[PDB]
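S.K.: Structure supplied as data_10.json; contents: JSON, C-alpha atoms and all ligand atoms.
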```json
[["chain", "number", "residue", "atom", "x", "y", "z"],
["A", 5, "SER", "CA", 106.71, 86.06, 107.01],
["A", 6, "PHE", "CA", 110.01, 88.03, 107.04],
["A", 7, "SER", "CA", 113.01, 85.78, 106.39],
["A", 8, "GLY", "CA", 116.78, 86.16, 106.22],
["A", 9, "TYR", "CA", 116.98, 89.23, 108.48],
["A", 10, "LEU", "CA", 119.88, 89.80, 110.85],
["A", 11, "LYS", "CA", 118.66, 90.77, 114.37],
["A", 12, "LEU", "CA", 120.19, 94.10, 115.56],
["A", 13, "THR", "CA", 118.12, 94.71, 118.74],
["A", 14, "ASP", "CA", 115.01, 93.33, 120.48],
["A", 15, "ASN", "CA", 112.83, 95.03, 117.79],
["A", 16, "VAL", "CA", 115.05, 96.05, 114.84],
["A", 17, "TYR", "CA", 116.04, 93.63, 112.02],
["A", 18, "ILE", "CA", 118.00, 94.26, 108.81],
["A", 19, "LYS", "CA", 118.50, 92.66, 105.38],
["A", 20, "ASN", "CA", 120.29, 93.49, 102.10],
["A", 21, "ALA", "CA", 117.24, 93.56, 99.86],
["A", 22, "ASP", "CA", 115.24, 95.52, 97.33],
["A", 23, "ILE", "CA", 112.22, 96.78, 99.34],
["A", 24, "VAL", "CA", 110.01, 96.40, 96.23],
["A", 25, "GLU", "CA", 110.83, 92.70, 95.90],
["A", 26, "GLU", "CA", 110.55, 92.24, 99.66],
["A", 27, "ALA", "CA", 107.11, 93.86, 99.70],
["A", 28, "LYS", "CA", 105.87, 91.72, 96.78],
["A", 29, "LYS", "CA", 106.99, 88.53, 98.53],
["A", 30, "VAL", "CA", 105.92, 89.25, 102.12],
["A", 31, "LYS", "CA", 102.82, 91.50, 101.42],
["A", 32, "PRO", "CA", 103.36, 93.15, 104.86],
["A", 33, "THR", "CA", 100.62, 95.00, 106.71],
["A", 34, "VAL", "CA", 102.69, 98.20, 106.34],
["A", 35, "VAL", "CA", 105.41, 99.22, 103.89],
["A", 36, "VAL", "CA", 107.14, 102.58, 104.61],
["A", 37, "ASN", "CA", 107.74, 104.94, 101.75],
["A", 38, "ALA", "CA", 110.63, 107.48, 101.92],
["A", 39, "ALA", "CA", 108.31, 110.32, 100.85],
["A", 40, "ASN", "CA", 108.68, 114.08, 100.31],
["A", 41, "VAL", "CA", 106.07, 116.61, 101.53],
["A", 42, "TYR", "CA", 104.34, 116.77, 98.14],
["A", 43, "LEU", "CA", 104.14, 112.96, 97.79],
["A", 44, "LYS", "CA", 105.89, 113.30, 94.38],
["A", 45, "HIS", "CA", 107.34, 109.80, 94.01],
["A", 46, "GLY", "CA", 110.04, 110.47, 91.42],
["A", 47, "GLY", "CA", 113.17, 108.61, 92.48],
["A", 48, "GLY", "CA", 114.82, 106.51, 95.14],
["A", 49, "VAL", "CA", 112.61, 104.26, 97.19],
["A", 50, "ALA", "CA", 109.49, 106.35, 96.39],
["A", 51, "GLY", "CA", 110.03, 106.17, 92.64],
["A", 52, "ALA", "CA", 110.59, 102.42, 92.84],
["A", 53, "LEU", "CA", 107.52, 101.69, 95.01],
["A", 54, "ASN", "CA", 105.33, 103.89, 92.81],
["A", 55, "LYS", "CA", 106.58, 102.20, 89.60],
["A", 56, "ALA", "CA", 105.76, 98.79, 91.15],
["A", 57, "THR", "CA", 102.13, 99.99, 91.62],
["A", 58, "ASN", "CA", 101.88, 100.99, 87.93],
["A", 59, "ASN", "CA", 101.57, 104.69, 89.12],
["A", 60, "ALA", "CA", 98.45, 103.93, 91.24],
["A", 61, "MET", "CA", 100.37, 105.22, 94.33],
["A", 62, "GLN", "CA", 101.01, 108.59, 92.60],
["A", 63, "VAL", "CA", 97.34, 108.90, 91.48],
["A", 64, "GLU", "CA", 96.14, 108.28, 95.04],
["A", 65, "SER", "CA", 98.84, 110.62, 96.44],
["A", 66, "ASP", "CA", 97.84, 113.49, 94.13],
["A", 67, "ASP", "CA", 94.22, 113.20, 95.31],
["A", 68, "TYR", "CA", 95.46, 113.21, 98.94],
["A", 69, "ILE", "CA", 97.54, 116.41, 98.42],
["A", 70, "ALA", "CA", 94.69, 118.12, 96.52],
["A", 71, "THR", "CA", 92.46, 117.53, 99.59],
["A", 72, "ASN", "CA", 94.91, 118.00, 102.47],
["A", 73, "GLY", "CA", 97.89, 120.00, 101.26],
["A", 74, "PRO", "CA", 101.49, 118.96, 101.86],
["A", 75, "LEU", "CA", 102.84, 116.96, 104.75],
["A", 76, "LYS", "CA", 105.32, 118.44, 107.25],
["A", 77, "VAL", "CA", 109.02, 117.28, 107.22],
["A", 78, "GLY", "CA", 109.01, 114.71, 110.04],
["A", 79, "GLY", "CA", 105.35, 113.85, 109.39],
["A", 80, "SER", "CA", 103.44, 111.02, 107.75],
["A", 81, "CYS", "CA", 100.22, 109.79, 106.27],
["A", 82, "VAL", "CA", 98.68, 106.32, 105.84],
["A", 83, "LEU", "CA", 97.52, 105.47, 102.28],
["A", 84, "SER", "CA", 96.82, 102.21, 100.39],
["A", 85, "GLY", "CA", 99.67, 99.72, 99.93],
["A", 86, "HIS", "CA", 98.18, 98.74, 96.52],
["A", 87, "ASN", "CA", 99.82, 95.47, 95.28],
["A", 88, "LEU", "CA", 102.70, 95.80, 97.78],
["A", 89, "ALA", "CA", 101.16, 95.85, 101.27],
["A", 90, "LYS", "CA", 97.83, 96.43, 103.05],
["A", 91, "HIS", "CA", 98.97, 100.05, 103.79],
["A", 92, "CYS", "CA", 101.76, 102.38, 102.83],
["A", 93, "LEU", "CA", 103.01, 104.68, 105.60],
["A", 94, "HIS", "CA", 104.42, 107.69, 103.71],
["A", 95, "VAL", "CA", 107.06, 109.18, 106.01],
["A", 96, "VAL", "CA", 109.00, 112.41, 105.33],
["A", 97, "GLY", "CA", 112.54, 112.38, 106.67],
["A", 98, "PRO", "CA", 114.69, 115.51, 106.26],
["A", 99, "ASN", "CA", 116.44, 115.84, 102.89],
["A", 100, "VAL", "CA", 119.99, 117.07, 103.56],
["A", 101, "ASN", "CA", 120.34, 117.81, 99.77],
["A", 102, "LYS", "CA", 117.47, 120.31, 100.08],
["A", 103, "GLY", "CA", 119.05, 121.80, 103.31],
["A", 104, "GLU", "CA", 116.47, 120.40, 105.78],
["A", 105, "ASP", "CA", 117.19, 119.98, 109.47],
["A", 106, "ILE", "CA", 118.70, 116.54, 110.31],
["A", 107, "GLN", "CA", 117.20, 116.78, 113.92],
["A", 108, "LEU", "CA", 113.79, 116.10, 112.30],
["A", 109, "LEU", "CA", 114.93, 112.50, 111.61],
["A", 110, "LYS", "CA", 113.93, 111.39, 115.13],
["A", 111, "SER", "CA", 110.41, 112.90, 114.61],
["A", 112, "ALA", "CA", 110.16, 111.03, 111.31],
["A", 113, "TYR", "CA", 111.00, 107.67, 112.95],
["A", 114, "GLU", "CA", 108.42, 108.33, 115.74],
["A", 115, "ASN", "CA", 105.72, 107.75, 113.09],
["A", 116, "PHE", "CA", 106.72, 104.07, 113.01],
["A", 117, "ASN", "CA", 105.55, 103.65, 116.64],
["A", 118, "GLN", "CA", 101.91, 103.85, 115.54],
["A", 119, "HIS", "CA", 102.26, 100.43, 113.75],
["A", 120, "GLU", "CA", 103.07, 97.08, 115.35],
["A", 121, "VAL", "CA", 105.25, 95.83, 112.51],
["A", 122, "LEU", "CA", 106.70, 97.53, 109.41],
["A", 123, "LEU", "CA", 108.87, 96.86, 106.35],
["A", 124, "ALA", "CA", 110.97, 100.02, 105.87],
["A", 125, "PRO", "CA", 113.98, 101.65, 104.28],
["A", 126, "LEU", "CA", 116.47, 103.77, 106.34],
["A", 127, "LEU", "CA", 114.96, 107.25, 106.41],
["A", 128, "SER", "CA", 116.87, 110.19, 104.95],
["A", 129, "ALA", "CA", 119.47, 107.80, 103.46],
["A", 130, "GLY", "CA", 120.16, 107.33, 99.69],
["A", 131, "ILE", "CA", 119.28, 110.42, 97.65],
["A", 132, "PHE", "CA", 118.04, 112.21, 100.81],
["A", 133, "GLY", "CA", 121.72, 112.80, 101.68],
["A", 134, "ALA", "CA", 122.03, 111.76, 105.35],
["A", 135, "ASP", "CA", 124.61, 109.34, 106.73],
["A", 136, "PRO", "CA", 122.91, 105.89, 106.81],
["A", 137, "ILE", "CA", 124.95, 104.88, 109.89],
["A", 138, "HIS", "CA", 123.35, 107.86, 111.71],
["A", 139, "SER", "CA", 119.90, 106.96, 110.34],
["A", 140, "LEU", "CA", 120.20, 103.37, 111.69],
["A", 141, "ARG", "CA", 121.28, 104.70, 115.13],
["A", 142, "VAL", "CA", 118.27, 107.06, 115.30],
["A", 143, "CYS", "CA", 115.97, 104.19, 114.14],
["A", 144, "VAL", "CA", 117.21, 101.82, 116.92],
["A", 145, "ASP", "CA", 117.00, 104.57, 119.57],
["A", 146, "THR", "CA", 113.50, 105.79, 118.54],
["A", 147, "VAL", "CA", 111.37, 102.96, 117.13],
["A", 148, "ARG", "CA", 109.88, 100.57, 119.77],
["A", 149, "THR", "CA", 107.66, 98.53, 117.39],
["A", 150, "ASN", "CA", 108.97, 95.73, 115.12],
["A", 151, "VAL", "CA", 110.86, 97.16, 112.17],
["A", 152, "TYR", "CA", 112.32, 95.14, 109.27],
["A", 153, "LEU", "CA", 114.86, 97.28, 107.40],
["A", 154, "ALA", "CA", 115.60, 96.59, 103.74],
["A", 155, "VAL", "CA", 118.92, 98.13, 102.60],
["A", 156, "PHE", "CA", 119.30, 98.08, 98.82],
["A", 157, "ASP", "CA", 123.07, 98.55, 98.55],
["A", 158, "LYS", "CA", 125.18, 95.43, 99.55],
["A", 159, "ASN", "CA", 128.31, 97.42, 100.34],
["A", 160, "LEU", "CA", 126.35, 99.83, 102.56],
["A", 161, "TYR", "CA", 124.55, 96.87, 104.24],
["A", 162, "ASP", "CA", 127.92, 95.30, 105.14],
["A", 163, "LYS", "CA", 129.19, 98.61, 106.54],
["A", 164, "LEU", "CA", 125.98, 99.14, 108.57],
["A", 165, "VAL", "CA", 126.23, 95.65, 110.16],
["A", 166, "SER", "CA", 129.97, 95.76, 110.79],
["A", 167, "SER", "CA", 129.86, 99.21, 112.45],
["A", 168, "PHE", "CA", 126.67, 98.69, 114.51],
["A", 201, "LIG", "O1", 113.87, 99.86, 91.59],
["A", 201, "LIG", "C1", 113.78, 98.97, 92.42],
["A", 201, "LIG", "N1", 114.13, 99.12, 93.74],
["A", 201, "LIG", "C2", 114.73, 100.24, 94.38],
["A", 201, "LIG", "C3", 115.25, 101.34, 93.72],
["A", 201, "LIG", "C4", 115.86, 102.36, 94.44],
["A", 201, "LIG", "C5", 116.01, 102.26, 95.83],
["A", 201, "LIG", "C6", 116.81, 103.29, 96.57],
["A", 201, "LIG", "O2", 116.91, 104.44, 96.15],
["A", 201, "LIG", "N2", 117.39, 102.91, 97.71],
["A", 201, "LIG", "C7", 118.23, 103.83, 98.46],
["A", 201, "LIG", "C8", 117.55, 104.41, 99.72],
["A", 201, "LIG", "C9", 117.59, 103.89, 100.99],
["A", 201, "LIG", "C10", 118.17, 102.63, 101.46],
["A", 201, "LIG", "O3", 118.23, 101.61, 100.70],
["A", 201, "LIG", "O4", 118.61, 102.65, 102.69],
["A", 201, "LIG", "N3", 116.90, 104.73, 101.86],
["A", 201, "LIG", "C11", 116.43, 105.82, 101.14],
["A", 201, "LIG", "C12", 115.69, 106.94, 101.55],
["A", 201, "LIG", "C13", 115.24, 107.81, 100.58],
["A", 201, "LIG", "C14", 115.49, 107.56, 99.22],
["A", 201, "LIG", "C15", 116.29, 106.50, 98.83],
["A", 201, "LIG", "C16", 116.78, 105.62, 99.78],
["A", 201, "LIG", "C17", 115.46, 101.17, 96.48],
["A", 201, "LIG", "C18", 114.82, 100.17, 95.76],
["A", 201, "LIG", "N4", 113.27, 97.75, 92.13],
["A", 201, "LIG", "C19", 112.82, 97.37, 90.79],
["A", 201, "LIG", "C20", 113.74, 96.60, 89.94],
["A", 201, "LIG", "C21", 112.54, 95.95, 90.52]]
```
Can you present the structure in this file as structure tokens?
M.R.:
Amino acid sequence: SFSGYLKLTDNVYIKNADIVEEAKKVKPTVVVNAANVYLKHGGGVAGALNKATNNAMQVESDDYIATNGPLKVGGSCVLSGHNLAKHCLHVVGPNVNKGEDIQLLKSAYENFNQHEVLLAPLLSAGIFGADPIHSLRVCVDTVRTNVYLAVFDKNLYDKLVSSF
């Protein structure tokens, strides 16, 4: 099971870890991907998860978009977790670097409530441009199911814990 996580609330836990390595070790029921609306997994968490699947995540994602069209910002879809998890919940948080509305971050975290337990990154953080301290606050105030947050950067992890 999940190990070495610091407890933040009744249901939110956090660890300084690479979500790829965490997923390979735990093989959770659900791993969250920090997706974009086109499911083009180029960089950040999405690029790293896709690379770990040997591009199988991108092949499945392209078939999903060809059938269904793009997701909405704040929306999600459930696909295979391949070699990382039973399922991957692809969630689209707003990308501040593309000018998207930061109020959609709460809608993005609401997708997590459809799953009892998840391994996840902070949405809209990293290359999506939002303040990770804000993202953690919205996560704690929105998600009611059990969420295990993996924060790649050690210095950001320490700041997130110390300012919580
Ligand atoms: O390449 C990797 N891992 C690996 C590579 C990159 C990341 C990463 O961009 N993280 C930042 C991030 C966070 C976060 O950390 O809060 N949230 C986000 C939301 C959207 C986009 C990005 C982020 C994460 C993991 N592993 C290989 C070597 C075995």
S.K.: Please return, as a PyMOL selection string, all polymer residues that have at least one atom within 12 Å of the point (126.0, 96.0, 111.4); use all atoms listed in the file and the file's own coordinate frame.
M.R.: chain A and resi 9-13+16-20+136-137+140-141+144+153+155+158-168
S.K.: Ligand LIG 201 (chain A): which residues are within 6 Å, counting only C-alpha atoms and all ligand atoms? Reply as a list in words.
M.R.: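 Answer in the requested format: residues 22, 23, 24, 38, 48, 49, 52, 125, 126, 127, 128, 129, 130, 131, 132, 155 and 156 of chain A.
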S.K.: Could you jot down the atom CA of residue 96 of chain A to atom CA of residue 39 of chain A separation for me, Å, one decimal place?
M.R.: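 Separating atom CA of residue 96 of chain A from atom CA of residue 39 of chain A is a distance of 5.0 Å.
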S.K.: Take atom CA of residue 115 of chain A and atom CA of residue 146 of chain A and report the distance between them in Å, one decimal.
M.R.: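 Result for atom CA of residue 115 of chain A versus atom CA of residue 146 of chain A: 9.7 Å, one decimal.
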S.K.: Go through A:142, A:56, A:121, A:34 and flag the residue nearest residue 87 of chain A, using all atoms listed in the file for the distances.
M.R.: A:56
S.K.: Report, in Å to a single decimal, how far apart atom CA of residue 15 of chain A and atom CA of residue 104 of chain A are.
M.R.: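 Atom CA of residue 104 of chain A sits 28.3 Å away from atom CA of residue 15 of chain A.
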S.K.: Since the input lacks atoms, please generate N, CA, C and O atoms for segment 17-32 of chain A and provide them as a PDB file, in the frame of the given file.
M.R.:
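New file result.pdb:
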```pdb
ATOM      1  N   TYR A  17     115.451  94.668 112.876  1.00  0.00           N
ATOM      2  CA  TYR A  17     116.040  93.630 112.020  1.00  0.00           C
ATOM      3  C   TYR A  17     116.467  94.257 110.711  1.00  0.00           C
ATOM      4  O   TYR A  17     115.867  95.246 110.261  1.00  0.00           O
ATOM      5  N   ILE A  18     117.477  93.654 110.054  1.00  0.00           N
ATOM      6  CA  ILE A  18     118.000  94.260 108.810  1.00  0.00           C
ATOM      7  C   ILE A  18     118.392  93.234 107.765  1.00  0.00           C
ATOM      8  O   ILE A  18     118.821  92.136 108.107  1.00  0.00           O
ATOM      9  N   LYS A  19     118.191  93.575 106.481  1.00  0.00           N
ATOM     10  CA  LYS A  19     118.500  92.660 105.380  1.00  0.00           C
ATOM     11  C   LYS A  19     118.958  93.452 104.169  1.00  0.00           C
ATOM     12  O   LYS A  19     118.498  94.572 103.939  1.00  0.00           O
ATOM     13  N   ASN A  20     119.873  92.880 103.373  1.00  0.00           N
ATOM     14  CA  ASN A  20     120.290  93.490 102.100  1.00  0.00           C
ATOM     15  C   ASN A  20     119.241  93.034 101.107  1.00  0.00           C
ATOM     16  O   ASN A  20     119.229  91.850 100.690  1.00  0.00           O
ATOM     17  N   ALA A  21     118.320  93.948 100.743  1.00  0.00           N
ATOM     18  CA  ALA A  21     117.240  93.560  99.860  1.00  0.00           C
ATOM     19  C   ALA A  21     116.658  94.779  99.183  1.00  0.00           C
ATOM     20  O   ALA A  21     116.762  95.903  99.707  1.00  0.00           O
ATOM     21  N   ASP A  22     116.003  94.522  98.044  1.00  0.00           N
ATOM     22  CA  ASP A  22     115.240  95.520  97.330  1.00  0.00           C
ATOM     23  C   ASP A  22     113.858  95.536  98.011  1.00  0.00           C
ATOM     24  O   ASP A  22     113.111  94.546  97.935  1.00  0.00           O
ATOM     25  N   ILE A  23     113.480  96.672  98.614  1.00  0.00           N
ATOM     26  CA  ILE A  23     112.220  96.780  99.340  1.00  0.00           C
ATOM     27  C   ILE A  23     111.022  96.488  98.455  1.00  0.00           C
ATOM     28  O   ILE A  23     110.012  95.992  98.953  1.00  0.00           O
ATOM     29  N   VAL A  24     111.124  96.748  97.135  1.00  0.00           N
ATOM     30  CA  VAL A  24     110.010  96.400  96.230  1.00  0.00           C
ATOM     31  C   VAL A  24     109.812  94.879  96.182  1.00  0.00           C
ATOM     32  O   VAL A  24     108.689  94.394  96.297  1.00  0.00           O
ATOM     33  N   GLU A  25     110.917  94.132  95.977  1.00  0.00           N
ATOM     34  CA  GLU A  25     110.830  92.700  95.900  1.00  0.00           C
ATOM     35  C   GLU A  25     110.431  92.100  97.249  1.00  0.00           C
ATOM     36  O   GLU A  25     109.630  91.167  97.291  1.00  0.00           O
ATOM     37  N   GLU A  26     110.916  92.685  98.341  1.00  0.00           N
ATOM     38  CA  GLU A  26     110.550  92.240  99.660  1.00  0.00           C
ATOM     39  C   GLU A  26     109.058  92.432  99.916  1.00  0.00           C
ATOM     40  O   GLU A  26     108.382  91.506 100.351  1.00  0.00           O
ATOM     41  N   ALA A  27     108.510  93.602  99.529  1.00  0.00           N
ATOM     42  CA  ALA A  27     107.110  93.860  99.700  1.00  0.00           C
ATOM     43  C   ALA A  27     106.264  92.913  98.871  1.00  0.00           C
ATOM     44  O   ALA A  27     105.275  92.401  99.379  1.00  0.00           O
ATOM     45  N   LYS A  28     106.653  92.640  97.611  1.00  0.00           N
ATOM     46  CA  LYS A  28     105.870  91.720  96.780  1.00  0.00           C
ATOM     47  C   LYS A  28     105.849  90.293  97.314  1.00  0.00           C
ATOM     48  O   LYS A  28     104.872  89.578  97.101  1.00  0.00           O
ATOM     49  N   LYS A  29     106.907  89.885  97.989  1.00  0.00           N
ATOM     50  CA  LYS A  29     106.990  88.530  98.530  1.00  0.00           C
ATOM     51  C   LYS A  29     106.258  88.398  99.857  1.00  0.00           C
ATOM     52  O   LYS A  29     105.501  87.439 100.062  1.00  0.00           O
ATOM     53  N   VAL A  30     106.482  89.331 100.777  1.00  0.00           N
ATOM     54  CA  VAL A  30     105.920  89.250 102.120  1.00  0.00           C
ATOM     55  C   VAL A  30     104.455  89.763 102.178  1.00  0.00           C
ATOM     56  O   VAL A  30     103.652  89.275 102.959  1.00  0.00           O
ATOM     57  N   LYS A  31     104.117  90.811 101.372  1.00  0.00           N
ATOM     58  CA  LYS A  31     102.820  91.500 101.420  1.00  0.00           C
ATOM     59  C   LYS A  31     102.527  91.934 102.887  1.00  0.00           C
ATOM     60  O   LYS A  31     101.567  91.464 103.528  1.00  0.00           O
ATOM     61  N   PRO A  32     103.459  92.737 103.453  1.00  0.00           N
ATOM     62  CA  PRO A  32     103.360  93.150 104.860  1.00  0.00           C
ATOM     63  C   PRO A  32     102.119  93.944 105.116  1.00  0.00           C
ATOM     64  O   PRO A  32     101.546  94.490 104.164  1.00  0.00           O
TER      65      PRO A  32
END
```
